[PDB]
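Data block below; observations after.
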Amino acid sequence: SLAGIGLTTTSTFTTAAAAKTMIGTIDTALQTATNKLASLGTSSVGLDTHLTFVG
Amino acid sequence: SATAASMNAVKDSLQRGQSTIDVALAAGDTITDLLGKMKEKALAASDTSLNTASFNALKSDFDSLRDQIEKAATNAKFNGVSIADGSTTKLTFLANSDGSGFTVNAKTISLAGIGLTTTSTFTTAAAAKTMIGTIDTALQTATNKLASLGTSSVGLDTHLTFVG
Amino acid sequence: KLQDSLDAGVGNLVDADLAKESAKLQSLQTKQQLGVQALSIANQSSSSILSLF
Amino acid sequence: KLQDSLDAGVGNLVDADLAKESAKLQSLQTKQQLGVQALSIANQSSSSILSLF
Amino acid sequence: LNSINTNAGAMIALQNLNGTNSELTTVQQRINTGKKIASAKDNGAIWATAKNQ
Amino acid sequence: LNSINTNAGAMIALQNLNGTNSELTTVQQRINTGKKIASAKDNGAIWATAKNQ
Amino acid sequence: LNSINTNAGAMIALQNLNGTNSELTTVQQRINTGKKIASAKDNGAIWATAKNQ
């Protein structure tokens, strides 16, 4: 969610310098969200491998 | 007649040892696939041309596969007894009516038994370059252990046929 | 030119080599039919017992 | 090229040549039928004793 | 062992058939998507680098 | 030996049938897998070498 | 000879089929590479001569 990726429900920019700061803010948010999704996919693959061993 | 009737327990222990080795081989299949994936993870992390985020993601995947190896080694039990968990030095199974055994030395395949550690990781490209050979040695000793366990299982089956 | 190089790098990272898949697909289809036949042969083991009774 | 050569070497070490098992399967099925019939014949040896009484 | 209850060989054949079906569906998804890493499950780190790129 | 309490010929026939079933199970696994060395039980040295390769 | 343990005719048919497979493979490789001699295995002397020339 927006709180979990370093943003906020009211996050915005009202000036070009604020937009230039938001560029790096959105970069950090995209990177952290993508790392979280990668960890979730690795957990899913681990669940499938354990399912095979359990069978 | 009593000596002939007593052989059923020998056959039972032989099949029990076969099933224990089978569970250990399934866990070893899992551990070898995980060790191979750890190999390409460390091999990619060894490259110095990556940016910090890619090396961090490779480190996270490496730690996840290492924890998965620890769990897969933990779960390799047949009814509370395991030849591969490292909880015992050896198992023995009846080979004759007089109680003479068929010794099967344990082959631990946990992270401690393959030369790794619960906290093994790399924080720099040189550490990943060393982990390349560390994982090579780990996978090699794991395949050797599983090969010995499979030879022991085939010997158990041969002695089973002779006992019958 | 930089955007073209970045797109080519993404393609080097994720794109499949379909020419290998064209062989693996046919081989896996033959292997699947062979495994179905082998399991069907395995299912019949109980039928031999009826002949003895 | 080296990766292709290593995969071909693993296939040489491990892969079965299935054309031989295509004949061995039918041969062992005929062997199983003949063995079940031979066991069914061997089970009947006790029946002759009743004719003597 | 001539059990009419347990049938271990059918279970082993079913395991091999399930593995073959898994490889076949993997080839199907890799053929249709056109990517060997279509999602985070295929490779989370390379998927992350490719998404950011 | 016209005993009713023991039948050695059925014993030898059952042993031969058990060997035939074992050979058929081996051929079944070798067909469904496509590998003559699918596991460490088949041959541990060649199996470990193929895994490392 | 009506054995269930051996089948020499299947062996000879396998040898003939493997030879036909070798011919089909060398011809498809010749069609793909476009050369009667694409490597030193085909004919080493004229291969080295063509390399130097």
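Cβ placement follows ideal geometry from the backbone for every residue including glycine, while neighbour counts extend to all protein chains displayed. Taken together, the values in this text are just the output of simple stated rules run on the coordinates, not laboratory data.
Tell me, what is the FRET efficiency for D:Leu52 and F:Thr6 to the nearest 0.05, using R0 = 25 angstrom and their Cβ-Cβ distance as r?
Details: r = 18 Å, r/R0 = 0.72.
Efficiency for this residue pair is about 0.90.
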* To do: Using the Karplus curve 6.51 cos²θ - 1.76 cosθ + 1.60 with θ = phi - 60°, work out ³J(HN,Hα) for each residue of segment B:117-125 in order, rounded to whole Hz, and write x for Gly and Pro.
  => 8, 4, 9, 4, 6, 9, 10, 9, 5
* Structure fact -> If one builds a Gaussian network model of chain B from Cα atoms under 10 Å apart, the most fluctuating residue listed among B:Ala27, B:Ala138, B:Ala57 is B:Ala57
* How far, in degrees from 0 to 90, does helix A:16-54 lean away from the longest principal axis of the Cα atoms of chain A, to the nearest 10? -> 10
* **Residues of segment F:21-38 with amide N under 18 Å of a point placed 7 Å along Cα→Cβ from E:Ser22** => F:32-35, F:38
* To do: Evaluate E = 1/(1 + (r/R0)^6) for B:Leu43 and B:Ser148, where r is the Cβ-Cβ distance and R0 equals 35 Å; express this FRET efficiency to the nearest 0.05.
  => 0.80
* **Distance (nanometres) between label positions extended 7 Å along Cα→Cβ at A:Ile26 and D:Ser40** => 8.0
* List the distances, in nm and shortest first, from the label point of F:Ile4 to the matching label points in every other copy, placing each point 7 Å from Cα along the Cα-to-Cβ direction. => 2.5, 3.2
* **Anisotropy class of chain C from Cα gyration tensor, a/c 1.5 cut** => prolate
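In percent, how large is the relative contact order of chain B, given Cα pairs closer than 8 Å and 6 or more residues apart? Spell out each step's value before the answer.
Values: 215 pairs, mean separation 54.2, N = 164.
Normalised by residue count, the contact order of chain B is 33 percent.
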* Taking the Cα centre of chain B as origin, work out the dipole magnitude from +1 charges on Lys and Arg Cβ and -1 charges on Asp and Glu Cβ, in debye rounded to 20. => 160
* Quick one: dipole size for the protein assembly as shown, taken about the Cα centre, charges +1 on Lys/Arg Cβ and -1 on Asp/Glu Cβ, in debye to the nearest 20. => 560
* Structure fact -> Spelling it out for E:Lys35: with amide H atoms placed in the peptide plane at 1.01 Å from N, the residues 5 or more places away or on another chain with amide H under 5 Å from its amide H are C:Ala16
* Return one number: the angle in degrees, 0 to 90 and rounded to the nearest 10, between the long axis of the Cα atoms of helix D:18-42 and the longest principal axis of the Cα atoms of chain D. => 10
* Asked: Any idea what angle helix D:2-14 forms with the longest principal axis of chain D, computed on alpha-carbon atoms, 0 to 90 degrees, nearest 10?
  -> 10
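Determine the calculated [θ] at 222 nm for chain C from helices alone, applying -39500 (n - 2.57) to every DSSP H run no shorter than 4 residues and normalising by the residue count; nearest 500 deg cm²/dmol. Mind showing how you got there, number by number?
Values: 3 runs with 44 residues, N = 53.
Computed mean residue ellipticity for chain C: -27000 deg cm²/dmol.
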* Structure fact -> Once the dipole of the protein assembly as shown is set up from charges on Cβ (+1 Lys and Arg, -1 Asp and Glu), the residue from the list A:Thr12, C:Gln29, B:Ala125 lying farthest towards its positive end is B:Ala125
* Got a sec? Charge dipole of chain B, +1 on Cβ for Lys and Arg, -1 for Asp and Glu; which of B:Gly155, B:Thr143, B:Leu116 is way out at the positive end? -> B:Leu116
* Structure fact -> Of the convex hull drawn through the C-alpha atoms of chain B, the volume per residue in Å³ is 87
